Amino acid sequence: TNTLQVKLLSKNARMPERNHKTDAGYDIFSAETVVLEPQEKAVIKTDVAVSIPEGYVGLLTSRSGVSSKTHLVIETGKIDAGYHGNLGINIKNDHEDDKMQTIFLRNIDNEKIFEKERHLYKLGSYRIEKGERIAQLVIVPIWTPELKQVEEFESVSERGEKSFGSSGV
């Protein structure tokens, strides 16, 4: 216990490491370089596999910096215990496709990228480099009971059926 097995699947892969000593998540490095146009979706390889023990789940989620500064949206992945495959980052460039054109790509600091040779890109296009920290992994314990069908619940609650903004705002 108190150890997690990690396998690197290629030379493009880098070991997860958490920022601060008491930090929740282990920052994830991209194992490939990808340009994403507006509204373009993709699964980004990390070339990294883990072995989360039973009774736990992994949360492959976004970082506050990247997600707040750019239009790169990462759908939080639920990494099952026993999944030994390549961790994929479920991502979308949710920048609107307004049909505009530029010569500058954006990095994940939302800074314009200057290249020697000039190409035409769709506005709002991003580039992710191999080795950049675009995500992180947080492991939490789960409760996994056997399900039992009932006609009525054992105990009545104060909440009942209240939902979706019932307490208001």
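Sequential numbering from 1, following the sequence displayed.
- Of the two segments examined, 24 to 32 and 114 to 122, it is 114 to 122 that shows the higher average Cα temperature factor in the deposited entry.
- For the two regions 52 to 60 and 66 to 74, the entry's Cα B-factors average higher over 52 to 60.
- Sorting the modelled residues of the chain by their CA temperature factor places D97 in the middle third.
- The entry lists a Cα temperature factor for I108 that places it in the lowest third of the chain's modelled residues.
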